[PDB]
Structure formats: C-alpha cells, structure tokens
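The chain below stands alone, shown as structure tokens; this is the form deposited in one PDB entry.
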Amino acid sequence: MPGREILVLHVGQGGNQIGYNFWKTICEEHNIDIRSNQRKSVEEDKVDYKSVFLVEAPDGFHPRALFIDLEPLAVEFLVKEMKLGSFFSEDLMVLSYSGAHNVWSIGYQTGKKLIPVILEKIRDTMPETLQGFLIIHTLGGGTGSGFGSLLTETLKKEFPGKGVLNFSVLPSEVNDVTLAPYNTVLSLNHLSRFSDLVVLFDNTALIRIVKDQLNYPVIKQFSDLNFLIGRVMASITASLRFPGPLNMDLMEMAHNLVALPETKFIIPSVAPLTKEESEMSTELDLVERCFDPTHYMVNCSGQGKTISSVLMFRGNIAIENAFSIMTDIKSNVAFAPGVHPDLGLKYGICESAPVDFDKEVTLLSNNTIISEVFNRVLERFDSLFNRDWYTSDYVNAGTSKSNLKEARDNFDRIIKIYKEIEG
C-alpha cells in the first residue's frame, strides 16, 4: 500500500559513512542481505512494511537514498571496502570533484550545481505519498555542513507538505576541524529555519558510549562509532516498519517535541547497548539509563531539563510497566519548570526488537542542556570571529563577515530561548 515512504540523503564523508551503518541495520531487520539485495528467506520474512526505506525491484531491494558528496574518495573507498556496489549503486551517487575544503560557504555554493540533478533523481524515484526526507551529515566539515544545509533549504522549499528531518553530527569537545565553529553556526542557523527536527550527535559522547557501554577493546573505523546513529534512526522509525500497539511517524514525533518554533534541537539516547543487558533489564532500568547523561549521544554536563521527550519501546515490552513508570519518570527526571506533571512524554510501542535483542528503549529528548552545548559552539565562534581568523575563505565564497554576524546573532537567540524556558 502507498504511503509512509521516506527518502534519505547522505552528504559528505561522515553522512555517507554513517549511511553504511544505517542501511546495514535496516536490511538486517528486514531479513535482507545487503550484498545480493535479496530476502534471506521467505520463512524468516516477517509481517512488515519494507517500503518505508527499501525499494523493491526484480533483482532485489535497493535503498531509497542518495549518496552525495563533493569529492569521490570518501564514498568510493567505502563501497570498495564494505562491498556495497550492488546496494550503494552508481545510480544513487551524486558525486563531484572539487571538494569543500572544510568551508561551509564553498560546499553551499558548489553544491548548488548538483541541485538540478538531485531534484530529478528525487522527482523520479519519489512516490507522491512520500512522508518526508532524512538528511544525514556532519556540521564541522564543509560538504555535510554547507551542501547539507543546502539540501535542507531546497527540499523544504521544493516539497512543503513533507517533513525534512536532520541527523547532524557535532564536533568533539576539542574540535578536530579548526573551522568547525563557523561551519556549525552557519549550519545550525540554516537548519533552524528550514528543518522540522534536528537530532544531534557528537563523537565525544559516541566514543564514550562505545567504550563504557559496549566495552569495545578498540575503535579502528567509524563503523564502530556510527552504528549508534543507525540504531537511533532505525529504532525511532521501527513503528513505521513493524507491527506495534502504538505507532508514530516523522511529523507526529516532531509535533510532540517542538514546543516553540525555535526548540527543534533534540538529543537522542538508547538503552541497552548489548544483547545480554536487554534480557535482564526492566523497562524502568532502560528508561532511567536513557535519561542519564552517560547515555546521551551529545556530550552534556548534566541531565538538564526536559521540555518534551519521545520514547520508543521495542520488542519484549510489558505495556503495564511502560505506563506505570511514567510517574517515576516525571518525579525522578528533571523537567522544565513549565512542563505540567502530566505532560512531556510521547510514547511509541513496537513489537519488533532490534536484531537479537529482547527489548530496547530509544529516547528523543528536547532538553534545555542544548543551551549549554550551543553556548560552547558560540564561545568557540567568538574566539575566531573577534580576531578575524579564517574568515577570508568564507568571504571569498559568498558569506560576508556581516553574514557571519547574522547567523551568529540568530544562533545566540536560539540559546537564550532555551535558557528562558529552563528558568
């Protein structure tokens, strides 16, 4: 049946590398090997709706996605190493050759030449019942930040009735790109006007989670980092792909989170993170872990104040526990002073657990602690802007020094709005 379709757009090196973990997770959950595009079997094929992310074809299943970048090596070396040629096909690749050089303005301007080709690929493979788009990118670089902001502005303008949701990767506590404060403020300022929901991550928290919650002995490639982002994307969309007592789509979750038009910046968290922990935990254990800063995928100093949260229960869930613990959540977890004791929670329940897991809870939190995370970016921004450092290559690419003051002021307004609701 038509409807519920979603198109994903991967921009830059990070956005495409995260894309491998996401599509590997989607295929595994739908009993599909990503190598031959086939069903693994008919006996293990479950009552589901593969059409959310997958496109059915005679040879097999393909992703409803676009793999976009301003240089060809990050995507190609990914497909060669992981052997994704049959799935990450050439017809889904929008590549160019010049690169963005970690400059948001260059990625924005250069990406404008690929917009006509991107639209035509969308205008063909898109069902008119498509419910929205997901844009996967990093904010500290150039292509994911600049071109990604461009695809956010474009799609929201091109398809006003559809949801445009961003999954954005913040720089680590110490940025591994010196230009990141410029690229992050420009991206966040752009997404605040054209995006419906911005789900944020950073590598410091992702690394902390992998080392402390999964106990990996080493992290050698980003695949041992990006699987957390793919787990969030797959689990928050699980009710759209499998049976459940309580389903929810993209804009349903967005409408429950965005209290004020500017409060669209979300912090995700998942618990548990190993198989053996899903079998001995309770719904109260997982929810408490999700609301604990040790499980936030954004590096935060504390629990903060929750404005509004979306909770997805997957798998072997006791419904009576999920509802009875709501008073414990409202009493133990700090919420914004304006949140009524009976509000701030949006529930989703899916009978399909993540692969090999007994159960799992995914949290999407609209937290005032975003003001603290954003104030760090602004402080890094001002340290460079007040000294006129690295501004020439942004001015030479269309972004005036006045424009950098425009995006920064509007970015500071977002901080103060989150500050004011906090009390």
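Residue indices: 1-based, along the sequence shown. Rigid core (definition): largest C-alpha set, two forms, superposition within 1.5 Å.
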Per the entry, higher mean C-alpha B factor between 407 to 415 and 17 to 25
407 to 415
If you average the Cα B factors in the entry, which is higher, 93 to 101 or 295 to 303?
93 to 101
Going by the deposited entry, which of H30, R380, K359, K40 has the highest CA temperature factor?
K40
Reading the B-factor column for Cα atoms of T204, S309, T184, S86, the highest value belongs to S86
For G161, the third of its chain by CA B-factor is the highest
Using the temperature factors of the C-alpha atoms in this entry, rank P72 within its chain: lowest, middle or highest third.
highest
Third of chain Cα B-factors occupied by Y216:
middle
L179: CA temperature factor from the record, placed by chain third, in the middle
Taking the entry's C-alpha B-factors for this chain, is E173 in the lowest, middle or highest third?
middle
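Beyond the structure shown, there is the form deposited in another entry, which is absent from this document and is the topic of what follows.
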Shifts of 2 Å or more in the Cα, rigid core superposed between this form and the one not shown, apply to only one of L200, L240, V103, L165; name it.
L240
Has the Cα of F67 moved 2 Å or more between this form and the one not shown, judged after a core fit?
no
With both forms fit on the core, has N226 moved 2 Å or more by CA between this form and the one not shown?
yes
For a quick test of reading the superposition: does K275 move by 2 Å or more at the CA between this form and the one not shown, rigid core aligned?
yes
Given a CA distance change of at least 3 Å, are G348 and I6 closer or farther in that other deposited form?
farther
Direction of Cα pair change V258-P243 in that other deposited form, magnitude 3 angstroms or more:
closer
